[PDB]
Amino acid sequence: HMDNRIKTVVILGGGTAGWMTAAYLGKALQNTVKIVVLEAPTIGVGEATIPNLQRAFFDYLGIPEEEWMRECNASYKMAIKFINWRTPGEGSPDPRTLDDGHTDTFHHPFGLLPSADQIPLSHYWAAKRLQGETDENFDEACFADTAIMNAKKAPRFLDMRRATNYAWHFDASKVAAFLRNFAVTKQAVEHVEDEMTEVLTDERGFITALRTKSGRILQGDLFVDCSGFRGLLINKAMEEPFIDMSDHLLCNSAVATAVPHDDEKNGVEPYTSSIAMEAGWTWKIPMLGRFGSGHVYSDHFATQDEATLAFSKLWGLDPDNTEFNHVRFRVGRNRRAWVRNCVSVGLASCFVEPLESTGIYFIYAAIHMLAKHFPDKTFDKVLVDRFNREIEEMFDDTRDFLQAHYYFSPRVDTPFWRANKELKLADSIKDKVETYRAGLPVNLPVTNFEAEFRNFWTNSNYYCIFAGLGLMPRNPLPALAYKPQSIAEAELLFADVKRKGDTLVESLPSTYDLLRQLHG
């Protein structure tokens, strides 16, 4: 017979992508494959995530949640709170007042949307809104999490009993360092601290080895490109084209820093904020003692200095005494994520702005799919194609969802906000909007990584963004006109939301107090 097994995997690049890949494959391949990470020696502006990070990644490695949190100054996230996305003017951390007296805020929480008669609560709310029977906002009507967040309470009790769903804020550099230590000391991953100087390829175009400055020639059978936006393997060596998708999302730059924070005076917000700006938006990612912040913008509508000044003015920062980190984005995805024996992961594969905190998700989703489709040396084209299909569908679906945040904003006060409205929606999201406009649910949820990966953005997520921005169905779900008993049942659900919010706001600890207990 023949032994066609992969014997060595070489990962180009460290950071979250490189060391998540190394730690995950270290577990998945059960010590049958040598794993090498080539990483040259190298601000905690903060990163936000989504709720399946613990189940899909850290639980797989057997690392307890509290253990890694304590090593990366992690905090708790119940939602993204969108501020001033509906009203004009310069950026402010404080929401503007709408005509009805409400503040210009809406939440996109992780909490579950209940249903009555197999119809989500969103649709009973929309019916009352369209029938003049309520003026209440969707997030306040349908999620107890909204009241919890308004009180800055934590998603767990002091005894660590769960109260709500949540994800995490953390220092991404510390996460990468924690995973590097794990891989090197518990999984015998080889860490080569050196610079790559040449990619060697054979007559078939397969990579055979990476040359380093010190003279190493690193043999491998499978190569994972975690080199970032430059895509030194997938784009440069393999010559795979990158698909620019700035025709769907205009922002392409960020300026960021970490801001010391008076947690005792202000408390700690259990959410990421997305604060609308004149040429983009600014994230606020709280952790203990400080929050990470970054102004995402389009350099076609603001210069770097203009964005930095606007970013500094937002928080009252002294530009001459503030350390800034600047990044120029590559927005889009490779034509194919995996070509021959080169698999791209992270920014070398694809990227969108962090408007829904999907960056780390794209990494561990891709790694999960690589392990599912893990090849041998014959590199079955079917394995490669099925992996590539999953990545492109994952990416384009989130790309579309992000575009809707801009396309349905009512703002028209700056060239940037107007320019977004001249872009075209992809067919897939236009279809979802048409379904929504008819009163129908958009991708009902089905509640396993498969199930979540295939039902990622569901009805509640679309309602949070569509209804938050002001896009409503043309009319109520018509089936509701025939269901007086189900309408009554939904009224009980609305009362449950109010009662649950009351109860939990009274009993939960502040996020600040839970963090101090978690971190000592």
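We number the residues from 1 along the sequence you see.
Where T42 is followed by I43 in the displayed chain, the model omits 1 to 3 of the deposited residues that sit between the two.
A chain break between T447 and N448 is present, corresponding to 4 to 9 residues of the deposited sequence without coordinates. In this crystal structure, the stretch out of 314 to 322 and 235 to 243 whose C-alpha atoms carry the higher mean B factor is 314 to 322. For the two regions 170 to 178 and 131 to 139, the entry's Cα B-factors average higher over 131 to 139.
Ranking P354, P109, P270, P260 by the C-alpha B-factor listed in the PDB entry places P260 at the top. Set against one another, the Cα B-factors of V384, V412, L121, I207 in the record reach their highest point at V412.
Sort the modelled residues of the chain by CA B factor and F301 lands in the highest third. When the modelled residues of the chain are ordered by their C-alpha B factor, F466 lands in the middle third. Among all modelled residues in this chain, the alpha-carbon of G26 has a temperature factor (C-alpha) in the middle third. Split the chain's modelled residues into thirds by C-alpha temperature factor. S460 is in the lowest one. Among the modelled residues of its chain, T16 has a C-alpha B-factor that falls in the lowest third according to the deposited record.
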